[PDB]
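protein_31.pdb (PDB, C-alpha atoms)
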ATOM      1  CA  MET A   1       2.049  13.152   7.794  1.00  0.00           C
ATOM      2  CA  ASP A   2       3.633  10.773   5.312  1.00  0.00           C
ATOM      3  CA  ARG A   3       3.441   7.224   6.819  1.00  0.00           C
ATOM      4  CA  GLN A   4       4.954   3.838   5.752  1.00  0.00           C
ATOM      5  CA  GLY A   5       3.815   0.319   6.469  1.00  0.00           C
ATOM      6  CA  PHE A   6       2.075  -2.719   5.205  1.00  0.00           C
ATOM      7  CA  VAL A   7      -1.249  -3.154   3.486  1.00  0.00           C
ATOM      8  CA  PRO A   8      -2.857  -6.337   2.152  1.00  0.00           C
ATOM      9  CA  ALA A   9      -1.546  -7.019  -1.331  1.00  0.00           C
ATOM     10  CA  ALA A  10      -5.045  -7.909  -2.579  1.00  0.00           C
ATOM     11  CA  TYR A  11      -6.242  -4.389  -1.830  1.00  0.00           C
ATOM     12  CA  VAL A  12      -3.857  -2.573  -4.204  1.00  0.00           C
ATOM     13  CA  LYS A  13      -3.133  -2.862  -7.939  1.00  0.00           C
ATOM     14  CA  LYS A  14       0.350  -2.392  -9.403  1.00  0.00           C
ATOM     15  CA  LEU A  15       0.629   0.317 -11.958  1.00  0.00           C
ATOM     16  CA  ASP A  16       3.071  -0.290 -14.809  1.00  0.00           C
ATOM     17  CA  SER A  17       6.619   0.722 -14.056  1.00  0.00           C
ATOM     18  CA  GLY A  18       7.735   4.126 -15.333  1.00  0.00           C
ATOM     19  CA  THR A  19       9.954   6.950 -14.244  1.00  0.00           C
ATOM     20  CA  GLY A  20      10.981   6.852 -10.534  1.00  0.00           C
ATOM     21  CA  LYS A  21       9.476   4.635  -7.958  1.00  0.00           C
ATOM     22  CA  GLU A  22       6.930   1.856  -8.301  1.00  0.00           C
ATOM     23  CA  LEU A  23       3.248   2.873  -7.757  1.00  0.00           C
ATOM     24  CA  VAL A  24       0.063   1.111  -6.788  1.00  0.00           C
ATOM     25  CA  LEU A  25      -3.629   2.079  -6.896  1.00  0.00           C
ATOM     26  CA  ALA A  26      -5.609   1.616  -3.648  1.00  0.00           C
ATOM     27  CA  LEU A  27      -8.675  -0.405  -4.587  1.00  0.00           C
ATOM     28  CA  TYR A  28     -10.509  -0.019  -1.226  1.00  0.00           C
ATOM     29  CA  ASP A  29     -10.474   2.061   1.917  1.00  0.00           C
ATOM     30  CA  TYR A  30      -8.337   0.278   4.468  1.00  0.00           C
ATOM     31  CA  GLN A  31      -7.821   1.448   8.046  1.00  0.00           C
ATOM     32  CA  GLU A  32      -4.705   0.036   9.632  1.00  0.00           C
ATOM     33  CA  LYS A  33      -5.506  -2.884  12.014  1.00  0.00           C
ATOM     34  CA  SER A  34      -2.051  -3.172  13.662  1.00  0.00           C
ATOM     35  CA  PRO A  35       0.913  -0.808  14.108  1.00  0.00           C
ATOM     36  CA  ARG A  36       2.923  -2.376  11.297  1.00  0.00           C
ATOM     37  CA  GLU A  37       0.205  -1.362   8.795  1.00  0.00           C
ATOM     38  CA  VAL A  38      -0.879   2.015   7.328  1.00  0.00           C
ATOM     39  CA  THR A  39      -4.193   3.506   6.327  1.00  0.00           C
ATOM     40  CA  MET A  40      -5.191   4.183   2.719  1.00  0.00           C
ATOM     41  CA  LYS A  41      -8.257   5.571   0.954  1.00  0.00           C
ATOM     42  CA  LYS A  42      -9.840   4.091  -2.163  1.00  0.00           C
ATOM     43  CA  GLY A  43      -8.309   5.768  -5.227  1.00  0.00           C
ATOM     44  CA  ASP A  44      -5.040   6.779  -3.569  1.00  0.00           C
ATOM     45  CA  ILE A  45      -1.897   6.473  -5.661  1.00  0.00           C
ATOM     46  CA  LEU A  46       0.706   4.998  -3.333  1.00  0.00           C
ATOM     47  CA  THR A  47       4.467   4.623  -3.604  1.00  0.00           C
ATOM     48  CA  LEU A  48       5.216   0.921  -3.485  1.00  0.00           C
ATOM     49  CA  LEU A  49       8.288   0.198  -1.306  1.00  0.00           C
ATOM     50  CA  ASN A  50       8.343  -3.588  -1.098  1.00  0.00           C
ATOM     51  CA  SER A  51       6.237  -6.258  -2.816  1.00  0.00           C
ATOM     52  CA  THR A  52       8.380  -9.311  -2.003  1.00  0.00           C
ATOM     53  CA  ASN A  53       5.750 -10.891   0.268  1.00  0.00           C
ATOM     54  CA  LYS A  54       2.592 -12.303  -1.347  1.00  0.00           C
ATOM     55  CA  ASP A  55       0.263 -11.146   1.456  1.00  0.00           C
ATOM     56  CA  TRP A  56       1.654  -7.833   2.708  1.00  0.00           C
ATOM     57  CA  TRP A  57       3.120  -5.025   0.607  1.00  0.00           C
ATOM     58  CA  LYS A  58       4.973  -2.065   2.109  1.00  0.00           C
ATOM     59  CA  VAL A  59       3.701   1.316   0.850  1.00  0.00           C
ATOM     60  CA  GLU A  60       4.143   4.990   1.626  1.00  0.00           C
ATOM     61  CA  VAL A  61       0.966   7.059   2.289  1.00  0.00           C
ATOM     62  CA  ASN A  62       1.329  10.818   1.865  1.00  0.00           C
TER
END

Could you render the structure as structure tokens?
Amino acid sequence: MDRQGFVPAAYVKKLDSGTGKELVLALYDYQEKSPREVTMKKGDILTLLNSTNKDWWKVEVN
């Protein structure tokens, strides 16, 4: 169900920090292209796990 992995940083937008975990908005549909990635749909609100790399951000997809 829930899956975790990397998506291209350009394809998500950070939401302002608030209560709990960091969140991003998925700007585009993105099907995972390699096992280390995950799939997202445009408009998904994703938990942001790691944004330390400029190219690849680790997210949770529910």

Practice problem: For the structure shown, which residues end up in the PyMOL selection byres ((chain A and resi 21-26) around 10)? Put them as a ChimeraX atom specification, please? | Solution: /A:7,9-20,27-30,40-51,59-60

Hey, can I get the axis-aligned box for region 39-55 of chain A? All listed atoms, 6 Å padding on each side, centre and edge lengths in Å to one decimal, as AutoDock Vina command-line options.
--center_x -0.7 --center_y -2.8 --center_z 0.3 --size_x 30.2 --size_y 31.1 --size_z 24.0

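The two atoms in question, CA of residue 53 (chain A) and CA of residue 31 (chain A), are spaced 19.9 Å apart.
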
8 Å contact set for residue 38 (chain A), all atoms listed in the file, chain neighbours under 3 positions out, as a compact mmCIF listing (two decimals) with C-alpha atoms, keeping the file's coordinate frame:
# COMPACT_ATOMS: atom_id res chain seq x y z
CA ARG A 3 3.44 7.22 6.82
CA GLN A 4 4.95 3.84 5.75
CA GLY A 5 3.82 0.32 6.47
CA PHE A 6 2.08 -2.72 5.20
CA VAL A 7 -1.25 -3.15 3.49
CA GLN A 31 -7.82 1.45 8.05
CA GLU A 32 -4.70 0.04 9.63
CA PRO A 35 0.91 -0.81 14.11
CA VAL A 59 3.70 1.32 0.85
CA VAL A 61 0.97 7.06 2.29
